Q: 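I'd like to ask some things about the structure below.
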Amino acid sequence: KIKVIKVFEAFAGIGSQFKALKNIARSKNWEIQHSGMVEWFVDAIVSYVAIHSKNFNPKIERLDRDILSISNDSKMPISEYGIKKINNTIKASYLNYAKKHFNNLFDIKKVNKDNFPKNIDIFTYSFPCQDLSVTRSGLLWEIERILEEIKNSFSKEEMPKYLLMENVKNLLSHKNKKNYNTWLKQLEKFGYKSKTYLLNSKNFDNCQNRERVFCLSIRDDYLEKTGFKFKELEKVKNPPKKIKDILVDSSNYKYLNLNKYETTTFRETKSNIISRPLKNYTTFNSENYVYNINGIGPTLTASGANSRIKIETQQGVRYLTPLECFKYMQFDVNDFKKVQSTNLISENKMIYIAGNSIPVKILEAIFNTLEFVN
DNA sequence: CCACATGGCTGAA
DNA sequence: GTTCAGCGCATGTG
Ligand SMILES: C[S@@+](CC[C@H](N)C(=O)[O-])C[C@H]1O[C@@H](n2cnc3c(N)ncnc32)[C@H](O)[C@@H]1O
């Protein structure tokens, strides 16, 4: 009676999609399987392998000769020299393992109907808002190409049963809304019916304000077969959680010297964020706030002001640590310790990958609504 | 027009 | 090439 769920994670990062599925699998009587992934960012791949692998033992290895399109910064491709630098290191073994055991295809432009797995149960993806226009472009154009290709070569039953997009709130702005709607029409042409959700992490057992757009799609014949109905997730409001609830005790944190800066009382906004400004601190508004641990915090970003989240504690004002950032995205302590134990990812890079991820319990809630046939 | 609220990019080293 | 401290406005609601 156990149902094997084959998942394919495009732009997988550290695998918040896979983590969410593993977290609910037992309660669904599911067995989650890596059908494939696409991730080219070296530090995300290393971290993905650290978190999700079972019995992987790193060692010095030659990099597989076809692992050629990867990135050290996540934005730009690594040079022929940078590839040489990874070759014959422990780090290479992580990339080789992702290829061999998780079927990482690395670069979306290299994905086609010849290597895209058949009978995928859940296909997850994303794209930047610029991709909506020149007709699509960039990563979304590649997703569209792949869907076109598999549509023509696969039977309908071999095409992914469910698609899930995550994106930022700007996807529904005045400038992007219409073009996003045209993408949904295209998914329709491909045989998928979809539902757009705007969800805030704070409503899914988290102490973080984080509004994300999700487009859950179901293949239209599978909809008929299962009798699946979309759930109204935008009305869900679980009990609030405070920053206080995830903080880790330590006698050796670094506290910021803010003695030079004038401040005010804390004020709570409608979003349950409780903050106070620092005057003459910077000219960058988002950098100038200290947050109260009895409320929720701001959206964790990969870089910049919202990756340096100042909280007021009894011991002083400090940044949320990398561990606390993992917990803030609803990964567990053990996930963080596995990444830390690689000794390959710096503290700022760990925050960077956390800031790019998705709060895990939002995904648990979405995935809890899926229906599969026996 | 106003007040209020909220979330990456890049050049110097 | 890497790294991150320094830096502001885009996109809203009311
Ligand atoms: C915002 S993230 C998503 C992270 C993911 N949701 C998670 O669970 O951590 C988007 C990811 O897509 C990756 N990416 C960008 N261009 C890519 C390409 N051509 N091929 C593969 N991955 C790419 C980036 O490295 C980045 O980690």
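In what follows, chains are A, B, ... by sequence order, proteins preceding strands, each numbered from 1. As a basis for the values below, the full set of heavy atoms in this structure was taken, side chains included, without hydrogen atoms, waters or symmetry mates.
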Q: Using the P atom as the point on both nucleotides, what is the distance between B:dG8 and C:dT13, in whole Å?
A: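 Those two atoms are separated by 23 Å.
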
Q: Could you pull out all residues at least two apart from A:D73 that satisfy side chain to side chain donor-acceptor pair (under 3.5 Å)?
A: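 Residues passing side chain to side chain donor-acceptor pair (under 3.5 Å) with A:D73: A:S71.
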
Q: With P as the reference atom in both, quote the distance from C:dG12 to C:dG8 in angstrom, rounded to an integer.
A: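 So the two P atoms sit 23 Å from each other.
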
Q: Provide the start and end nucleotides, 5' to 3', of the part of DNA chain B that has atoms under 4.0 Å from heavy atoms of chain A.
A: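 Using the under 4.0 Å cut-off, the span is B:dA5 to B:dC9.
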
Q: List, one per line, each side-chain donor-acceptor pair under 3.5 Å for residues 239-249 of chain A, sequence neighbours excluded.
A:
{"residue": "A:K244", "atom": "NZ", "partner": "A:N294", "partner atom": "OD1", "Å": "2.9"}
{"residue": "A:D245", "atom": "OD2", "partner": "A:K242", "partner atom": "N", "Å": "3.0"}

Q: Identify whether any heavy atom of A:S173 sits under 4.0 Å from a base atom; if not, whether one sits that close to sugar-phosphate; answer base, sugar-phosphate or nothing.
A: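 Contact class for A:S173: sugar-phosphate only.
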
Q: Salt bridge between A:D131 and A:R136, side-chain N to carboxylate O under 4.0 Å?
A: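 Salt bridge between A:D131 and A:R136, a charged N being under 4.0 Å from a carboxylate O: no.
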
Q: Check ring-ring contact (aromatic ring centres under 6.0 Å, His included) between A:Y125 and all other residues, then give those that pass, not counting sequence neighbours.
A: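 If we apply the ring-ring contact (aromatic ring centres under 6.0 Å, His included) test to A:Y125, skipping adjacent residues, the hits are A:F123.
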
Q: Using the side chain to side chain donor-acceptor pair (under 3.5 Å) criterion, which residues pair with A:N356? Sequence neighbours excluded.
A: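 Partners of A:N356 under the side chain to side chain donor-acceptor pair (under 3.5 Å) test: none.
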
Q: Less than 3.5 Å apart, which donor and acceptor atoms pair up between the side chains of residues 224-231 of chain A and the rest of the protein, not counting sequence neighbours?
A:
{"residue": "A:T226", "atom": "OG1", "partner": "A:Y222", "partner atom": "O", "Å": "2.8"}
{"residue": "A:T226", "atom": "OG1", "partner": "A:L223", "partner atom": "O", "Å": "3.3"}
{"residue": "A:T226", "atom": "OG1", "partner": "A:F228", "partner atom": "N", "Å": "3.1"}

Q: Sequence neighbours excluded, which residues qualify as ring-ring contact (aromatic ring centres under 6.0 Å, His included) partners of A:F56?
A: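 A:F56: ring-ring contact (aromatic ring centres under 6.0 Å, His included) contacts with A:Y94, A:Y97.
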
Q: At under 4.0 Å between heavy atoms, what does A:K175 touch on the DNA or RNA strands: base, sugar-phosphate, or nothing?
A: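 Sugar-phosphate, backbone atoms only, no base.
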
Q: Report the residues that fulfil side chain to side chain donor-acceptor pair (under 3.5 Å) with A:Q33, sequence neighbours left out, ordered by chain and then residue number.
A: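 A:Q33 satisfies side chain to side chain donor-acceptor pair (under 3.5 Å) with A:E31 once adjacent residues are dropped.
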
Q: Taking the nucleotide of DNA chain C with the nearest heavy atom to each, does A:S346 or A:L172 sit closer to the 5' end?
A: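 Its nearest nucleotide lies further toward 5', so the answer is A:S346.
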
Q: Please list, by residue number, the residues of residues 279-291 of chain A whose heavy atoms come closer than 4.0 Å to an atom of DNA chain B; answer none if no residue qualifies.
A: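 Of all residues in residues 279-291 of chain A, the ones placing a heavy atom under 4.0 Å from DNA chain B are A:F284, A:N285.
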
Q: Counting any heavy atom closer than 4.0 Å, what does A:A302 reach on the DNA or RNA strands: base, sugar-phosphate only, or nothing?
A: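 Here A:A302 touches the backbone only, sparing every base.
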
Q: Is there a side-chain contact between A:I78 and A:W40 (heavy atoms, below 4.5 Å)?
A: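 A:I78 does not reach A:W40 side chain to side chain.
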
Q: Just to be sure I understand the rule, does A:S79 reach a base, reach only the sugar-phosphate, or reach nothing, if contact means heavy atoms closer than 4.0 Å?
A: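 Answer is nothing: A:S79 stays at 4.0 Å or more from every strand.
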
Q: Among all residues two or more places apart in sequence or in another chain, which pass the side chain to side chain donor-acceptor pair (under 3.5 Å) test with A:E157?
A: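 With sequence neighbours excluded, A:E157 shows a side chain to side chain donor-acceptor pair (under 3.5 Å) to no residue whatsoever.
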
Q: Under 4.0 Å from a heavy atom of chain A: give me the 5'-most and 3'-most nucleotides of DNA chain C that qualify.
A: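 Taking any atom under 4.0 Å from a heavy atom of chain A, the span is C:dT2 to C:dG12.
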
Q: Show every donor-acceptor pair shorter than 3.5 Å between a side-chain atom in residues 367-374 of chain A and any protein atom, with sequence neighbours excluded, or say none if there are none.
A:
{"residue": "A:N368", "atom": "ND2", "partner": "A:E364", "partner atom": "O", "Å": "3.0"}
{"residue": "A:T369", "atom": "OG1", "partner": "A:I366", "partner atom": "O", "Å": "2.7"}
{"residue": "A:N374", "atom": "OD1", "partner": "A:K3", "partner atom": "NZ", "Å": "2.8"}

